Amino acid sequence: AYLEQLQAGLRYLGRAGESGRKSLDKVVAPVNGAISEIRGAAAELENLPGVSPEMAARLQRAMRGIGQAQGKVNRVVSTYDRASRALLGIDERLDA
Amino acid sequence: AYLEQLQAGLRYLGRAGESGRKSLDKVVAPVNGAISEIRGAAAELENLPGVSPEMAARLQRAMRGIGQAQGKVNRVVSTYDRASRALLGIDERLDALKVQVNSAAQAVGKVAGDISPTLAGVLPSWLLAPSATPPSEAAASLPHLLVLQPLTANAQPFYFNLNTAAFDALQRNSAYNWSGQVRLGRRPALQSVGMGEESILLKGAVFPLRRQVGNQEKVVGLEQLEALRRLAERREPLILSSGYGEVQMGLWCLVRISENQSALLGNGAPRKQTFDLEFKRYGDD
Amino acid sequence: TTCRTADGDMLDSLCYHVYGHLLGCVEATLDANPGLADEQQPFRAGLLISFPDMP
Amino acid sequence: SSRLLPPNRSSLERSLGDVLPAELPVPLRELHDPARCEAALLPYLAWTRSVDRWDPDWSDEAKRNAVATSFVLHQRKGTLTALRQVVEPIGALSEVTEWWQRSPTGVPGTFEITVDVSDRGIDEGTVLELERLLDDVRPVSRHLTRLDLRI
Amino acid sequence: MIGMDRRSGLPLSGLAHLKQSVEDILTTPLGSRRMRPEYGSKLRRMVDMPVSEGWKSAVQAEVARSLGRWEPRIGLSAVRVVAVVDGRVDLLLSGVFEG
Amino acid sequence: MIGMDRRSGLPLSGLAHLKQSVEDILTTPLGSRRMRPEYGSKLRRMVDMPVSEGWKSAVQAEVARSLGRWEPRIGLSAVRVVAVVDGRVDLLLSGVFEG
Amino acid sequence: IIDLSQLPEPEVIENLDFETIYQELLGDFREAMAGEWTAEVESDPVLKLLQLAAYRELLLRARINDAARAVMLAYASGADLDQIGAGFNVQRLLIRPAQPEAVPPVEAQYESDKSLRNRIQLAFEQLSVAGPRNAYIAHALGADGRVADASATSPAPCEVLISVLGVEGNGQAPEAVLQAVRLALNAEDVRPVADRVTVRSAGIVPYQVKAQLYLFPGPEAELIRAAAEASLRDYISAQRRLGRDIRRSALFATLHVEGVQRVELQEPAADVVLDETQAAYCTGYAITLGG
Amino acid sequence: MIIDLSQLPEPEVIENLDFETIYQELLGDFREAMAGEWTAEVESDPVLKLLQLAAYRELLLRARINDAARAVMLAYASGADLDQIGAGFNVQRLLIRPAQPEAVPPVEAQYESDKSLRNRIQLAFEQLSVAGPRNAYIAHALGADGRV
Amino acid sequence: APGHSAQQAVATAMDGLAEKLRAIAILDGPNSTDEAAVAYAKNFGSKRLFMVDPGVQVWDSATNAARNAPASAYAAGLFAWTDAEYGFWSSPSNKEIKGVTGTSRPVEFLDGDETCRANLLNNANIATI
């Protein structure tokens, strides 16, 4: 179900790294909505025989985009104080 | 009863901000005589349907004046000590003028709104826009000797030819920074510690009565060395563009202009202007 | 400092002609202008921009 | 766009100039105009306008005027002049009672109102709503629950 | 440096990218780029001016400015009129390679 | 800058205010203003003097002083006698615009 | 007074995923290259531009949605209801603000969200001064040591029965706090109407709950058992906030957290009723596990 | 008793923009996406024609959202955007001088400025609505004139 | 003849008067589309005619809107600005027009011999803003 999973997975991180401009609490729910939801494809893609010459360039189109989504979150988060980030507790969450 | 109220209300504040020059106690009684008395119009003007095109410009004539009355009181009061003002206790009283008069100004603005801030200084998109067409110097029938051109890239360049300046000398000093360190028993060691100042010095003469080439009904001007001055007060480097060896010379800031204008006319106009420009190479990356 | 366009005048060109640079000079123009960015960027001939000071 | 490009451009740049911006509508000013809200998010605006009673059976012309005139209704709750307009989708403005039409100094109960409602669109049902649709306009103790009707 | 071609989208790197780097300088007018107003050449202002011997030295002095800004890997040598047909002048843009 | 007209009270801003700004300089004598003694021109002292070629250069040198004080947005170019009728000389006050 | 800001999110613009945005851009790219498109044109530096563009309006459809959240009172966050409450005459007040008794320990505090949002929701119910059913409520929320009000009338007209309930501890509100509503209702009521102020207009019966929950064989039973009261101890404080009923299912559904497979209830035989007049109080709870 | 709009805190959705912090992201999203196959960051490369469109047209769409977010807030809307706030609260913009001229130059229909709508939209609450209490029977009894 | 040169009878009158006068006649096409002005230029070929078809519009103080000027007199003021400041031998095309706003037709232009509305008019011996 990776055709449904990762493309929806990048949609959460589009809300994560952008609804965090001048606030903290709106970051945690799409990040929780991604880590337990990108796992739904990291466990799904454990066993595939290389299904198509297509259908996996789509995975390369997605994982480049999710690779851009880490850079947007981890730079918007890094603009904050550490003490305001420690009370929220997403230092031990963005590593997931 | 606002026709009786606000016009009498400004009369108290005329006593407030003026009978307070070298004293404090004469301020409090007209200020108390205004705050509980401008309220008599701020509660009166709560319900008016916009009664007249007149009768509320009078309110605008009054509330501009009461707006001037806050500025007179709050500056005369501010000349005093805070401790002499705290013993009187009108720090917690002049703020009620910021409550009642603002409630009165909001009441006037509901009945009669303000005029729109009309616009008369609306210009087209030209008066701050450079004429990007090249001048008549660049289209002349003379090959350009040297070209000054700045970093803004839209400003008008200066063209050296027989119509404008036409130097005939070109000093080009170029040092190289080798620093000597004296050793005791031997020759002093030399180290390359940089590049040093490279300079270009342009001599020459402008004769501002010789007519332009081909008799174009136009002479070499008196303006035509002051254009070198205007192009030099830009605090800006210049690209030199010759036409013989390398064409892309570097960034060269202009440092010195010194003309010797003599053989004068009646109104001070010279007919020779022997100048010497002097550049230094701006060290860009 | 209100200016009026032509049918081909453009925003980053205009506030470069007014200010002299474009670092922090376009979005400050778009800030103090209601409905300017909603209009198409090749401008029409009769829209007014009030260029603010200190971009 | 393709117009923002310089005059020298390939057909590739002119094509990528028409795709890479990828303009979008901004439906943000439409959230507070009840006549321009979408029908799927209209009761979000009915919440912030504090529309007390709502029916998922009305036409949108009867749903949007309850939000647009939610100010004028909630400004004057004790009046009759918004009791006339609170019954808007049930089209009815016929008759209302007052003190001096009854000669013996009012009813025992100091004149609770028995208003007249005249509906013609819906005949089946349409009674059980009007004793509670008119409850917010009615004060808590200025009236009693006595009511009059007409079909 | 490896860039892509303007037409056909193909990534070409060595010296075909060098030639299209120059022709993006020469044919863009000033201020046509977005947020880069000091980019391009005044050669469009030199379009449809009479070919005098001062027009030649004003093109050499303006190609050298515009390539001196945004093309540091090219040392300009000379610009020469080599033919004239009706309107169509043609210029041998010769320059050594640096960088 | 937006000012009002001298006659008729109308607020005129762009360049009609520029011309009446100059004619408040040229026609006020020095010391006629209140608490501003170094305002105005010595042109009233030049009234009813013979029009020589040194009178012309003394008017150019005095308009340039008086406009240099209280009119910085005007760069003076020249002052020229263009006609002479009985007593009435008339001067083409030409100057470029700055500011 | 029910919070709308805890529902699933409304999308004013649709929020498509990354793939159908990308294929929509290629359909725009084939039509723009019409007549001169070749398969060699869509090279590697060309396609990676289109993968950027499909990523940027994924961040613009997320920007329009996040802007449209913070405009509606449904899902509006802090320092932005002050822009909305200024349109509804709602300003946050000071609950012991930054008075420096000692200068480095600054103690600044404002009104929080989700009750300021209620005061914006109660804005239009404060315009009518002729006293509808909510203006007696919304003007009685001016005090601090109470909770919200319910209005009713059984007797003869112009006799208002309002039930002033209060959340400060064990049940009964003080009578000195009860006198503040008549100081809060002087120029807000109607002048002929006359209210009686009853604090407990029906009576208080003591309630408890005793639940023998089961948790999964798995994570620790210390923070998950205590997380059941995180949705319960704020639920009991919200019952007399509306003055409305508790159910048997209120004692079930407020104990389901992440990691629950079955629950159990003994304290009611059947559910109790709490009308607009009737209210109650819960004394002390004991929720353990059966395993 | 209304609060001034000049003491409100700044909201969440309004953002200062930068062309560089959009364009340096588009460099920092495309350079890693090429994996070293594209390395000509000279401006003459025709991707930097287009990344200066995707950072310029995005900055216009980032500004339209800031333009629309000000248009739905009372402390920032102006023009015909306070008309939509005014139409919801039954407040219309005034007419100081009337619309129709009798002469050949057309007299402009003089409306009040938008700085006075913010006076009138905010005073649309503390307003005579209904004569409930003792302070409202008398203020609704100001229909006559010869009276104290 | 500003406005009175879309008619052929006056454009032929300005034609035959030009070689008597040793001048050039700056006529203008109609303000319709491009092929209405390309086919209007095919009635001539008489060495003395310089046609500028987009009637450019100018801002007005009284109207407070966009006017409609025939744009044949603007090319005459540009030729008088050219031959006195740049010389008559200089080509009076690439120079600035003052007193101007947008044109009555948006006329696109590129580089590289496209299907542009600039190269279409110029190859039909028609000048254009």
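- What the entry reports as its method is cryo-EM, with 3.5 Å given for the resolution.

### Digging into the packing of aromatic side chains
In step 1: In the structure shown here, the tally under the stated rule is 20 aromatic pairs over all chains.
In step 2: Seen from their ring centres, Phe71(D) and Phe124(G) are 5.9 Å apart, and the 80 degrees between their planes marks the pair as edge-to-face. Here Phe71(D), found in helix 4 (residues 70-75), pairs with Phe124(G), found in the loop between helix 5 (116-121) and helix 6 (135-138), and the two come from separate chains. With respect to class, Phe71(D) is no different from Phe124(G); both count as buried.
In step 3: Aromatic pair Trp81(I) and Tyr86(I): ring centres 5.0 Å apart, planes at 65 degrees, arrangement edge-to-face.
In step 4: Judged by relative accessible area, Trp81(I) falls into the partly exposed class, the value being 33%.
In step 5: These aromatic residues form a ring-pair network of at least three members: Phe71(D), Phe88(G), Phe124(G), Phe89(H) and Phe125(H).
In step 6: Note that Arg33(E) overlies the ring of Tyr39(E), its terminal NZ or CZ placed 4.8 Å from the centroid.

### Observations regarding the interface of chain G and chain D
In step 1: Listed as interface residues are 50 residues of chain G and, on the opposing side, 41 residues of chain D.
In step 2: Buried surface at the junction of chain G and chain D, both sides included, amounts to about 4100 Å², of which 70% is carbon and sulfur.
In step 3: Three residues stand out in chain G for area buried against chain D, namely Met72(G), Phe124(G) and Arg133(G), and they jointly supply 17% of the buried area on that side.
In step 4: Remark: the boundary between chain G and chain D carries two salt bridges.
In step 5: Between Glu125(G) and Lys77(D) there is a salt bridge, with the nearest N and O atoms lying 3.9 Å from each other.
In step 6: On the surface where chain G and chain D come into contact, there are nine residue pairs in polar contact.
In step 7: Counting residues per element, the ones that place at least two in the side of chain G that touches chain D are helix 1 (18-32), helix 2 (44-56), helix 3 (58-69) and helix 5 of chain G.
In step 8: Per element, the largest residue contribution to the side of chain G that touches chain D is five residues, and it comes from helix 3 of chain G.

### So, unusual backbone geometry
In step 1: Backbone geometry places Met35(E), a non-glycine residue, at a positive phi of 60 degrees.
In step 2: Turning to its location among the elements, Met35(E) is positioned in the loop between helix 1 (16-27) and helix 2 (53-70).
In step 3: One non-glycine residue, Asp48(F), lies in the positive phi region at around 65 degrees.
In step 4: Note on placement: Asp48(F) falls in the loop between helix 1 (16-27) and helix 2 (53-70).

### Things to note about the sheet that holds strand 2 (residues 160-164) of chain G
Sheets are built from strands that pair by backbone hydrogen bonding, the pairs being arranged parallel or antiparallel.
All names here are of chain G.
In step 1: Pairing within the open sheet is mixed, and its three strands lie in the order 1-2-3. Only two strands of the sheet have a single neighbouring strand rather than two, namely strand 1 (149-152) and strand 3 (195-198). Along the sheet, successive strands turn relative to each other by an average axial angle of 25 degrees, direction set aside.
In step 2: Taken together, the four bridges between strand 1 and strand 2 define a ladder with antiparallel strand orientation. When the sheet's bridge partners are listed, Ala150 is paired in strand 2 with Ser163.

### As for the pattern of salt bridges
Charged atoms that come close allow side chains of opposite charge to pair.
In step 1: If you walk through the whole model with that rule in mind, you get 52 salt bridges over all chains.
In step 2: Note that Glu42(G) is salt-bridged to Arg30(G), the shortest N-O span being 3.3 Å. Taken together, the positions of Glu42(G) in the loop between helix 1 and helix 2 and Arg30(G) in helix 1 put the pair 12 residues apart, joining distant regions of the chain.
In step 3: The partly exposed category is assigned to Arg30(G), whose relative accessible area is 34%.
In step 4: Overlapping salt bridges, with partners in common, bring together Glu13(D), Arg6(E), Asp24(E) and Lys49(H) in one network.

### Some details on a nonpolar patch on the surface
In step 1: Residues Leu123(B), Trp126(B), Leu127(B) and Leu128(B) make up a contiguous nonpolar surface patch of roughly 380 Å² in combined accessible area.
In step 2: Inspection of the secondary structure assignment puts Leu123(B) in strand 1 (residues 123-124).

### Looking at the arrangement of the chains
In step 1: The chain pair with the greatest number of contacts, out of 19 pairs of chains in contact, is formed by chains D and G.
In step 2: Of all C-alpha pairs spanning chain E and chain F, none lies closer than 24 Å, and the two are not in contact.
In step 3: At no point do chain G and chain I touch; the closest pair of C-alpha atoms across them sits 13 Å apart.

Rules used in this analysis
- Residues numbered from 1 in each chain as written, not as in the entry; some residues may be left out.
- Chains lettered and ligands numbered in written order.
- Part of a larger assembly, values for the part shown.
- Heavy atoms only, no water.
- Residues with missing side-chain atoms left out of burial classes, pairs and counts.
- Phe/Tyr/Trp six-rings, centres within 6.5 Å; stacked < 30°, edge-to-face > 60°.
- Helix = DSSP H or I, 4+ residues; strand = E, 2+ residues; numbered from the N terminus.
- Buried < 20%, exposed > 50% of the residue type's maximum accessible area, 1.4 Å probe, protein only.
- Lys NZ or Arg CZ within 6 Å of the ring centre and 35° of its normal.
- Contact = heavy atoms within 4.5 Å.
- Buried area = accessible area lost by both parts, 1.4 Å probe.
- Salt bridge = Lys/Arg side-chain N within 4 Å of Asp/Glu carboxyl O.
- Polar contact = N/O pair within 3.5 Å; in protein donor to acceptor, adjacent residues only side chain to side chain.
- Pairing = 2+ DSSP bridges.
- Axes fitted to C-alpha atoms, helices over the stretch in contact; angles between N-to-C directions.
- Patch = residues over 30% accessible without salt bridge, like charges linked within 9 Å, V, L, I, M, F, W, Y side chains within 5 Å.
- Areas by Shrake-Rupley, 256 points an atom, 1.4 Å probe, with all protein chains shown as cover.

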